[PDB]
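To keep things clear, I will list the structure first and then write my remarks on it.
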Ligand SMILES: OC[C@H]1O[C@H](O[C@H]2[C@H](O)[C@@H](O)[C@@H](O[C@H]3[C@H](O)[C@@H](O)[C@@H](O[C@H]4[C@H](O)[C@@H](O)[C@@H](O)O[C@@H]4CO)O[C@@H]3CO)O[C@@H]2CO)[C@H](O)[C@@H](O)[C@@H]1O
């Protein structure tokens, strides 16, 4: 076996507690190199004579070139040292420890997970495991209060193609009036884009962190919204913009007027005085040159004290969590203290970070509960939309990521198909709804928290920003209700099938020629297998189905068809059809 591909480290996503007494442990190896992987472990202070415990780690998945093995060590001492025993195809075995590789269990060395602190067991709010979030862009969602409307608001119609500087008058009142809608679709929580006072369309450049923007509403209406959504079983997640403030943020105004005599000069990153927001800048902003968003010095104890208060205030109104704008650009220090705070006020308040890339460092348990899954989005784009990759690559990309973070995180990752910063998935698919549905069908059944982008459920389309911020189509006759009901059913299934929300994922079948991929979600003895035939022609397939998880399954989308004979299941699939098999337990 190629030792150069064997991997594990006693921390991160390869060693982590799922409770105060059990250690989840993972190991990597060249695919097909190791057939059996066992872990020999014992207390860190246990005697050399004492016998070791045994833990058999089956394959939890496999990627483009590696096999991932996963074990669960019962560490009653809450301390543990351990070694790996690896065996190959033709029977060769070898030991793996911190010291290195060896045929002797001694020279292999032993890995060490010092202690397991209860305070360090990664915990996600129970409700987040089985929620289905619906992202709302207020300014472009619903106009329920016309006098809210800001100047230059444009006609609200289907054939409306937004402008970077466009306004449509949608406000919080609009969201309250549409709650009836959301309950029907079945959303569990709403994620609102920034809604505090801001002169912009997106409101990402905050004027007042403590004020609903007038065109969006007022404190009363907000309390009103929270209350009304809650009694409807819908949670509240607001956009927390702590990386940067608006050029109108009171303290920046101070800097813009009193120069160095301002007590707030130290709340931003400024090169040369006086401040010049002309076309260039003498202060650090969001992207490159973006004047309305001077970066905020979150490292400043004072700036931090302020933003937490901003958080306290709004949290006093009953909201349920935060999506953190450009979170990866604010110090972990701030965020670690942040989790400390938020959780202190509400254990179930949800913490969501916005990192469009490997956020493994924030998903260790001390900072975030999840992040919007950048990759899920990409893997789904390449497989369903563009076709840049085949079924087997899908499984690879799909699996490789899962092994990226600790189970607690992956369980809640916000798997979106799109957001306000990208093209809409329908057009992402070249308008092919067929392909589209398969992706939402999958999105709605895979490991993580589904995030519907407002309007997607009605067949709304649009290019990337700002075309993806089109006013929600509210006229039923121009709505894709055919698709709307599709969502209700998939959404419902998620709430009815425990495995789909609290289960693990193991790949079931992957055929590159068929470009057909399937997986199985499991919780206890309940097994739900999802079959995805990504081809414009229908082909039948035979999946390996060992007669122990069942020989009878029901297509929760249509109806029964248990063809398990002599260990396998022959399935004929319609084009771009997906099947969801419930093992009946
Ligand atoms: O004029 C500036 C813009 O300000 C507002 O933009 C928001 C976005 O709507 C938010 O979603 C968010 O997005 C950032 C993101 O945080 C940041 O990492 C960056 O992302 C990269 C990413 O590293 C990478 O995956 C790659 O694919 O490209 C991305 C660039 O698109 O950029 C995102 C968006 O620029 O925060 C910003 C800033 O608050 C406003 O809504 C926009 O309309 C406006 O143009």
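Every residue gets a Cβ built from N, Cα and C, even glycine.
Annotated Ca(2+) binding site per Swiss-Prot: 143, 145, 148, 149, 169, 171, in sequence order. A coil conformation is recorded for residue 148 (Ca(2+) binding site) in the three-state DSSP classification, outside any helix or strand.
Under the heading substrate binding site, Swiss-Prot lists 244, 323, 420, 421, 465, 469, citing similarity to another entry as support. DSSP classifies residue 465 (substrate binding site) as coil under the three-state reduction. Counting every protein chain shown, 15 other Cβ atoms lie within 10 Å of the Cβ of residue 465 (substrate binding site).
Sequence annotations record features per position, and here Swiss-Prot assigns active site, proton donor to 354 based on similarity to another entry. DSSP classifies residue 354 (active site, proton donor) as coil under the three-state reduction. In the shown protein chains, 23 other C-beta atoms lie within 10 A of the C-beta of residue 354 (active site, proton donor).
Per Swiss-Prot, site 'Transition state stabilizer' is recorded for 421, and the stated evidence type is similarity to another entry. Here residue 421 (substrate binding site) comes close to 464, 465, 468: these same-chain residues lie at least six apart in sequence, with C-beta atoms under 8 angstroms from its C-beta.
Taken in sequence order, the recorded positions 148, 323, 354, 421, 465 that lie near ligand 1, meaning a CB under 6 Å from one of its atoms, are 354, 421, 465. Residue 469 (substrate binding site) sits 17 Å from residue 149 (Ca(2+) binding site), taking the CA atoms of both as reference points.
Listed binding-site residues: 145, 149, 171; maximum Cβ neighbour count within 10 Å falls on 171. Shown in sequence order, 135, 137, 193, 202, 453, 465, 468, 469 are the residues of the chain, 6+ apart in sequence, with a C-beta less than 8 angstroms from the C-beta of residue 420 (substrate binding site).
If you take the Cα of residue 171 (Ca(2+) binding site) and the Cα of residue 244 (substrate binding site), they are about 23 angstrom apart, rounded to a whole number. A Cα-Cα distance of 26 Å separates residue 149 (Ca(2+) binding site) from residue 244 (substrate binding site). When the alpha carbons of residue 354 (active site, proton donor) and residue 145 (Ca(2+) binding site) are compared, the span between them is 31 angstrom.
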